[PDB]
> 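Okay, here's the structure, questions in a sec.
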Amino acid sequence: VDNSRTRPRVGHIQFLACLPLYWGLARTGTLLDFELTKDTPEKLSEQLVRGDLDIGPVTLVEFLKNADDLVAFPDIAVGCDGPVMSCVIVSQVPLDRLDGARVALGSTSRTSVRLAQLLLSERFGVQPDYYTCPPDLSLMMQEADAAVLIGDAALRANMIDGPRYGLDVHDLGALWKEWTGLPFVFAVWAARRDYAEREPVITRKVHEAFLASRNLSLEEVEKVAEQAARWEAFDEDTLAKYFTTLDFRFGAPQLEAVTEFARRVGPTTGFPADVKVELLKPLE
Amino acid sequence: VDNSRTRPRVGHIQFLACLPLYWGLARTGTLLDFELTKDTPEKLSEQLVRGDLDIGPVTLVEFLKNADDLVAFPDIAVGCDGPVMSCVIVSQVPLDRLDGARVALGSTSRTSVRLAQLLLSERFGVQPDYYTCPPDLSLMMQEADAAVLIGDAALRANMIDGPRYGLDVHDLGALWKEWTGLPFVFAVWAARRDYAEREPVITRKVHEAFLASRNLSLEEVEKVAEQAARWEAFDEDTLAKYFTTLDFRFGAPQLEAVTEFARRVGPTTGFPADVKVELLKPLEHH
Ligand SMILES: C=C(O[C@@H]1C=C(C(=O)O)C=C[C@H]1O)C(=O)O
Ligand SMILES: C=C(O[C@@H]1C=C(C(=O)O)C=C[C@H]1O)C(=O)O
């Protein structure tokens with residue numbers, strides 16, 4: 001019987017937001033210590049929660065709903081301080097005209113949808129008739145007055161589709177910053193608690209490899225954008241701006257934002273307003 | 001509509017035999033120009049043939065059965081010149097006692113099983129009662145006199161299980177070399193013909209990236225083995241020996257071996273004995 005140690009099963013978001021990180025994981029050879037799974041953020045969160053992955057990215061709302069069973073990695077996340085560029089509301093009308101109007105939500109999102117609902121309700125005071133559908137701006141603009149998008153589709157609406165067709169594109173990160181002054185965190189990295197307790201060293205090494213790969217990707221952001229631009233409708237300058245506008249930090253100022261967002265949406269989303277976020281503790 | 005160009009869909013064998021190549025694809029950043037799929041060699045061959053992949057590894061028999069629709073990459077393959085270490089016959093008896101005996105074959109193989117049958121029949125003159133079962137050396141040795149294994153399971157039988165339990169392990173690469181003097185090629189890399197003709201430059205760039213990634217993996221074989229040993233029952237020295245015993249070349253001497261193997265098995269395996277292997281042509285420069 002082969003009872004040798006097994007690589008951690010690690011998730012990775014397929015969107016452009018984590019393409020630089022994938023570059024870093026490959027350049028550092030870290031990928032060869034992982035058994036990697038690429039998918040959308042809602043699927044990767046489902047897999048980690050049910051046990052098909054050991055470590056991976058988790059959209060913030062789903063982490064908070066499972067905070068007792070997950071331990072978040074410090075100092076890396078998918079966030080913003082101001083505009084995030086790839087989490088948007090695309091609207092054919094001013095936001096204050098969306099009361100009772102139909103608004104399409106993308107099923108790939110869990111956190112951005114709730115943030116958009118929080119802003120429209122508590123900041124702008126409109127209660128749209130929401131419905132969820134696959135991310136497809138052209139279809140959404142035919143059936144609804146506004147749509148919430150994330151990932152490459154939102155980035156495409158922001159940088160290309162919106163300007164071409166004269167559609168308003170509201171940046172969810174900017175709207176939150178205007179409303180609260182705070183940065184925002186859309187996804188964190190976490191280990192299953194049972195895996196973190198069974199394999200403390202592998203969990204710590206995976207954490208440190210993510211930080212090393214993240215740091216390298218920010219040093220080589222221009223290389224990453226030049227290569228990625230060859231496969232996208234976005235050009236090199238647009239990708240480099242996107243990669244540098246994203247905020248991958250996860251320290252005290254970012255946890256402050258998570259705390260307040262959880263407090264405002266918890267009682268209407270399925271977790272306590274004062275939910276505890278457990279961070280992976282470093283070695284003494 | 002997003003009509004931008006799309007990355008080639010590229011397969012990659014999950015076995016240890018192609019782990020150094022995976023290291024090179026990652027270190028060179030080539031992976032970020034691929035949409036990669038990792039799987040077993042028989043699944044990756046099915047996907048490429050049916051159109052779920054554009055470029056990828058193909059076990060030799062399946063390539064030969066689809067040679068009209070595939071274009072093989074020159075100068076890279078999975079092969080040997082002598083022992084391959086990870087394609088074996090594990091037997092409790094001398095091979096010449098296998099006539100009418102039970103021999104278990106692993107369904108993960110297409111080329112190694114036919115090579116083992118060719119050797120047992122045409123070199124040793126025995127006609128075993130073959131049957132297929134999942135790769136499980138302990139189970140196979142309980143129900144049969146011999147078993148054919150590939151991949152990590154065969155390497156495990158060769159380096160660990162065989163010596164521990166006193167079982168003979170015959171290297172299919174060595175047996176072929178003894179019989180013919182020739183090296184052997186178990187798998188090649190190929191593009192779908194329709195993809196190669198639709199995207200000639202992406203195809204060429206994928207080919208060149210594989211050669212660059214292969215070259216780097218042989219330069220850094222010790223690094224690769226040291227890292228991989230932490231996740232395997234094999235130690236660093238065993239993996240480094242394995243990675244350097246494998247032969248990743250695919251030039252004239254290796255095509256000579258493919259030609260002769262195809263001639264001996266073609267008419268009983270599903271392709272002409274003189275099947276034509278089309279290689280990706282290099283660009284002429286004026
Ligand atoms: C920055 C982004 O935020 C995303 C928003 C998420 C959500 O709303 O559930 C999930 C993953 C994040 O990557 C993006 O998708 O580009
Ligand atoms: C070198 C090897 O040869 C393998 C043999 C093949 C087959 O028999 O179908 C397929 C892929 C090769 O990787 C190995 O198993 O490691």
Side-chain angles (χ1 to χ4, degrees), chain A residues 1-9 12 14 16 18-38 135-139 152-153 155-157 159-161 164 201-202 205 209 213 216-217 220 223-235 238-239, chain B residues 1-9 12 14 16 18-38 135-139 152-153 155-157 159-161 164 201-202 205 209 213 216-217 220 223-235 238-239:
Chain A
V1 183
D2 183 4
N3 285 286
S4 64
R5 305 181 79 178
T6 315
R7 292 173 180 84
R9 301 167 302 174
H12 187 85
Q14 67 188 45
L16 281 170
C18 292
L19 188 157
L21 180 61
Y22 183 65
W23 163 274
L25 296 167
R27 285 294 323 256
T28 62
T30 295
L31 279 183
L32 276 78
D33 293 318
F34 296 175
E35 188 64 41
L36 195 74
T37 295
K38 276 187 178 174
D136 182 5
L137 184 59
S138 291
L139 177 63
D152 303 9
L155 186 66
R156 184 168 164 85
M159 303 292 109
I160 299 175
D161 302 326
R164 172 177 177 176
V201 182
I202 295 177
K205 284 186 182 187
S213 293
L216 183 69
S217 72
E220 299 186 337
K223 277 197 209 161
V224 176
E226 179 187 13
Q227 177 186 39
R230 305 187 184 112
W231 307 107
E232 308 286 345
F234 315 101
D235 57 9
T238 299
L239 292 181
Chain B
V1 183
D2 183 4
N3 285 113
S4 64
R5 305 181 79 179
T6 316
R7 293 173 180 84
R9 301 169 302 173
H12 188 85
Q14 67 189 45
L16 281 171
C18 292
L19 188 157
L21 181 61
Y22 182 64
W23 165 275
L25 295 167
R27 288 284 307 93
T28 62
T30 295
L31 278 184
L32 274 77
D33 292 317
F34 295 177
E35 188 65 43
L36 195 75
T37 294
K38 274 188 178 174
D136 183 5
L137 186 60
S138 290
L139 177 63
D152 303 10
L155 185 66
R156 187 166 301 111
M159 303 291 109
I160 299 175
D161 302 325
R164 169 170 175 172
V201 70
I202 294 178
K205 283 187 182 188
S213 292
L216 182 69
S217 71
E220 299 186 337
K223 278 196 208 162
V224 177
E226 181 186 14
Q227 176 187 39
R230 305 186 184 112
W231 308 107
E232 309 287 345
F234 315 103
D235 57 8
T238 300
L239 292 182

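Letters A, B, ... are given to chains in the order of the sequence lines, protein chains preceding strands, and every chain is numbered from 1. Quick note: numbers below take in every heavy atom, side chains included, and nothing from hydrogens, waters or symmetry partners.
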> Is the NZ atom of B/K223 crowded by more than 12 outside heavy atoms at less than 6.0 Å?
no

> With only heavy atoms counted, which part of B/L25 is less than 4.5 Å from chain A, the side chain, the backbone, both or neither?
neither

> Can you tell me how far CG of A/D2 sits from CG of B/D152, rounded to the nearest 0.5 angstrom?
9.0 Å

> Ignoring hydrogens and geometry, is there a side-chain-to-backbone donor-acceptor pair from A/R156 to B/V1 under 3.5 Å?
yes

> Looking at every heavy atom in both A/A233 and B/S4, which two are closest together, and how far apart are they?
N-CB, 3.6 Å

> Is a donor on one side and an acceptor on the other found under 3.5 Å between the side chain of A/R5 and the backbone of B/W231?
no

> Tell me, side chain or backbone of A/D33 under 4.5 Å from chain B's heavy atoms, or both, or neither?
both

> Find the distance between CZ (A/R7) and CD (B/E232) and round it off to the nearest 0.5 Å.
5.5 Å

> Just how far is it from atom CZ of B/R27 to atom CG of A/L32, taken to the nearest 0.5 Å?
10.5 Å

> Heavy-atom count around B/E35 CD within 6.0 Å, excluding the residue itself: above 12?
no

